[PDB]
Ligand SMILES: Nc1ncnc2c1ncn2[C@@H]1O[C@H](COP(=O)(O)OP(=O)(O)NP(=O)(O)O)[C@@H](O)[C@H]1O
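A single chain, nothing else alongside it, follows as C-alpha cells in the form deposited without the ligand.
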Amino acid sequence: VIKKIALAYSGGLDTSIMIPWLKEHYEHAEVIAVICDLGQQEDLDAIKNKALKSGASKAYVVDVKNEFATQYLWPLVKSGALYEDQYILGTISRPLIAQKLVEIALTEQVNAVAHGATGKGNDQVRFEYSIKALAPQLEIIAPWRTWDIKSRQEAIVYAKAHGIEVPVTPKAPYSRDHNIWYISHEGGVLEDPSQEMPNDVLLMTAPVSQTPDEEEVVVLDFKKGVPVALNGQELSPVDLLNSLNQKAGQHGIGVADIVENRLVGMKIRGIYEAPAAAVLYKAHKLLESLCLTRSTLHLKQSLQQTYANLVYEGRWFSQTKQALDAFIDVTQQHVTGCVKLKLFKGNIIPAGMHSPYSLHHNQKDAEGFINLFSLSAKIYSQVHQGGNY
C-alpha cells in the first residue's frame, strides 16, 4: 500500500495542488516535498513554507548548485555539445532533480515518487527515464497524465476547494525554466516562428542595442577542459558562472532564438539565454583547436551530436553516457591554458590564447605526400577516362 510519496516540488500552483490531490487519490498518504536550488533565484524558504502549508509532512530544500556545475555543466562544457547545433541544453537539470528526488525517496522509504511535468513536453520523459535508471522499483505518479485538470482556471478552481493559496501575480506570459546555466522562454506568441522575439522576453541579458560602448576583456584559465579562474582569480564553478553570466549578460551575449525538434511531439520555438555558457563554449573550442590533434578533434566533434541527443532526451543515467564521458575525459587531459576574449555588443571576440600543451609551433616531402594522397583519384580518373564529376 502507498503510505508515503516524495514529490518534486516547484512551488508553482500545479505542484501545490498536487499535494492534496495525491493525498486524496492515495488514501492516507503522506507527501514529502523535495525542493532543489539550481539557481532559479527564487525565495526557497517561501516555497518550503508553501509546501508545508499545502499539506506536505516534510519539505526538503537541497542546494545542488555546485553539484549541478561540477557533475553536469562541466561534463557538458567538456563535450562541446549543442543540440541540433543550436540549443545549449539547459534541461540537463532534469536528471539532477530526479536524482535528488530518488535519493530522498530511498532515505524516507517512500512507496512512490511524483513529479509535476505536463503530459505534452519532453520533461516527463527526462524525469521518468532518470527515475527508472536510478530506482526501477519505485512507482511513479504523474498527476498531469491522470487528473481531470486541463487549464490554469481549472487548477484555480481545484485550489480554492482544497485550501491551496492562489498567488496574486499571474504566470508569466511565457513558460520559463531558470537555472545557473540558462533561462528558457517558450509558449505564448513565441509559438509562431514568423514573429520576431518580443521586447519583454529577456530576463538576464541586455538587448544588444543597450550594451556598453566600451568592450570588456575577460581572461579564462582552463584545466583539463574546465574553467578554474576568471581574470586571474580562482573561483568556484558557481562563482565563475555567476560572474561570467553578469559580465556577458551586460554585453548582450548569448541569446538563441531557435526552432528545435522535440523527442515527444513536433517542433518548438524557444528563446534561450545563456551568457556564461556561450563564453565558456567559445573559450573551450579555442583551446581544443590548440591542444588536440586533428584526428582527436575530428573524432570528438563527430560524437558531439550523439552526446547532445543523449542529454536532450534525458538519457543521462546510462552506460552509453558513461562510455562517452570516458572518451571525452581522455581528450580533455591537455585542454589546459589561457584564453582572452573581448565582450562587446553581443560578440565574443578572440583576443589571444596560450597553452603549455599547444601543438602550434620540406618541399620534397610535400611532393611525395601529394602523389600518394592523390593516387586513388588518378587511378579512378584513368579507369573512368573522360568521365565527369
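Only residues modelled in both forms are compared. If you superpose the two forms and keep the largest set of C-alpha atoms that fall within 1.5 Å, you have the rigid core. Numbers follow the displayed sequence, beginning with 1.
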> Is there a break between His361 and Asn362, and how many deposited residues does it span: none, 1 to 3, 4 to 9, or 10 or more?
Replying inline: 10 or more
> Would 105 to 113 or 282 to 290 have the larger average of its C-alpha temperature factors, as given in the entry?
Replying inline: 105 to 113
>> Tell me which stretch has the larger mean Cα B-factor in this entry, 169 to 177 or 118 to 126.
In response: 169 to 177
> Hey, out of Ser302, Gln86, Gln195, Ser184, whose CA B-factor is highest in the deposited coordinates?
Replying inline: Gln195
>> Quiz for you: based on the deposited Cα B-factor, which of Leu82, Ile97, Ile131, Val157 is highest?
In response: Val157
> Lowest, middle or highest third: where is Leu263 by Cα B-factor in its chain?
Replying inline: highest
> Going by the entry, which third of its chain does the Cα temperature factor of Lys247 land in?
Replying inline: middle
> Would the CA B-factor of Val64 place it in the lowest, middle or highest third of its chain?
Replying inline: middle
> What third of its chain's C-alpha B-factors does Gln322 belong to: lowest, middle or highest?
Replying inline: lowest
> Going by what the PDB entry lists, where does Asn199 fall on CA B-factor within its chain: lowest, middle or highest third?
Replying inline: highest
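There is another form of this protein, the form solved in complex with the ligand, and it is not shown here; the text below is about that form.
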> So in the entry with it bound, does any heavy atom of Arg176 sit within 4.5 Å of the ligand?
Replying inline: yes
> Does at least one non-hydrogen atom of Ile5 fall within 4.5 angstroms of the ligand in the entry with it bound?
Replying inline: no
> Taking heavy atoms only, is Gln40 within 4.5 angstroms of the ligand in the entry with it bound?
Replying inline: yes
>> Is it the case that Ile97, even though its partner is missing from this view, gets within 4.5 Å of the ligand in the entry with it bound, heavy atoms only?
In response: yes
> Pick from 231 to 239, 116 to 124, 205 to 213, 295 to 303: which stretch has a heavy atom within 4.5 Å of the ligand in the entry with it bound?
Replying inline: 116 to 124
>> Only one of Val31, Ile348, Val34, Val339 gets a heavy atom within 4.5 Å of the ligand in the entry with it bound. Which one?
In response: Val34
> Across 1 to 29, which residues bring a heavy atom to within 4.5 Å of the ligand in the entry with it bound?
Replying inline: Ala8, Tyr9, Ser10, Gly12, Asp14, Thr15
> Among residues found in both forms, what runs of at least 3 in a row have Cα shifts of 2 Å or more between this form and the one not shown after core fitting?
Replying inline: 167 to 171
